[PDB]
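There is one chain below, alone, in structure tokens, taken in the form deposited in one PDB entry.
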């Protein structure tokens, strides 16, 4: 399985790296494009020649050695953030030889002349590109750093986890009181699920050579004024079910915490309080009553609720409750860049260990429907467009993470 062949067999389109602000180089890609030329090794000949970008898919570039024109006989895919890609001028700056592919060595006669003619004015890689690449992959979370994280088996409490590995900004955490042999939690270092040691007590969230994580390293949460009209216990809303990212569910505000966090319960599936999960009020995972109907999204009603189809108006009268007002959910919709059909590499939020060949299949504003290629649609997930659990084609190869293929 190659992303290159997959994308070529089917003329697929990859989300540009630019859609993923949290990924390596997600902020430094603005001048990468088709017909950028680079210096890369000449495999047809230890030495280098010029290649132009025929096709760009996430981090992956389809390159054609200069002098080939429309002949794709030796086009080859590679990772533009990989270690043998250099800007035009790198050989000359290092005193290295530019040597033509054996295949077109006789196609043109005057090579120096030919390179002045082709490269004069050429777009190439930003300067400092290779330093920026290399800074990109230097993550601030280290092994042995302790964090607070949601308890997989008891969502309403945090427990303490320790970073055992970093791969590509993703952390494999291990619970400090492990309850089985292989007792990890995989998440991005910008996950909204991890917090400084002392977070739970500070905010009123329940809780069950290592050192505390420097509090400054955590993703910043948007500041909210919760002192006028706010959420209040018993208000209804819709919420992506944390145990089932395929579904948006009928839900209720169960606790209003400090700093804007909310304990939310899925009606029909609530124990004691142990199933409450914590979303920030600005979370893209909760929506007002009506969101689903107005947008043609399957709303999942409470377990055991028989009067179908579900009607909110009836459920409000029955449970004697009100909708959280729509204004409480206002938030920007970034111009995220994603388009239906777009390929990318996604985390399977039901088994986060796995990162998978995937496609965006619906966009409702900032909300994406993510499909895992080759698998059942039933298991498509709802994910925000700024999720830190989405990545560009090539990210696995770049960081050394194992990629699951389709099907």
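Residue numbers count along the first chain shown, from 1.
Below, we refer to the form deposited with a partner chain bound, which is not included among the displayed structures.
K.L.:
With heavy atoms only and a cut-off of 4.5 Å, decide whether residue 125 touches its partner chain in the deposited bound form.
P.N.:
Flag for residue 125 set to yes.
K.L.:
Taking 4.5 angstroms as the cut-off for heavy atoms, does residue 214 touch its partner chain in the deposited bound form?
P.N.:
Outside the cut-off, so no.
K.L.:
So in the deposited bound form, does residue 115 come within 4.5 Å of its partner chain, heavy atom to heavy atom?
P.N.:
Residue 115 belongs to the contact set for its partner chain.
K.L.:
Since only the chain is shown here, I'm wondering whether residue 322 would be in contact with its partner chain in the deposited bound form (any heavy atom pair within 4.5 Å).
P.N.:
Flag for residue 322 set to no.
K.L.:
Given the stretches 217 to 225, 172 to 180, 250 to 258, 92 to 100, which is the single one in contact with its partner chain in the deposited bound form, using a heavy atom cutoff of 4.5 Å?
P.N.:
Selected range: 92 to 100.
K.L.:
Could you check which residue among 55, 371, 362, 37 gets a heavy atom within 4.5 Å of its partner chain in the deposited bound form?
P.N.:
By the 4.5 Å heavy-atom cutoff, the listed residue in contact is 37.
K.L.:
Among 245, 88, 133, 78, which has at least one heavy atom within 4.5 Å of its partner chain in the deposited bound form?
P.N.:
For this set of options, the contacting one is 88.
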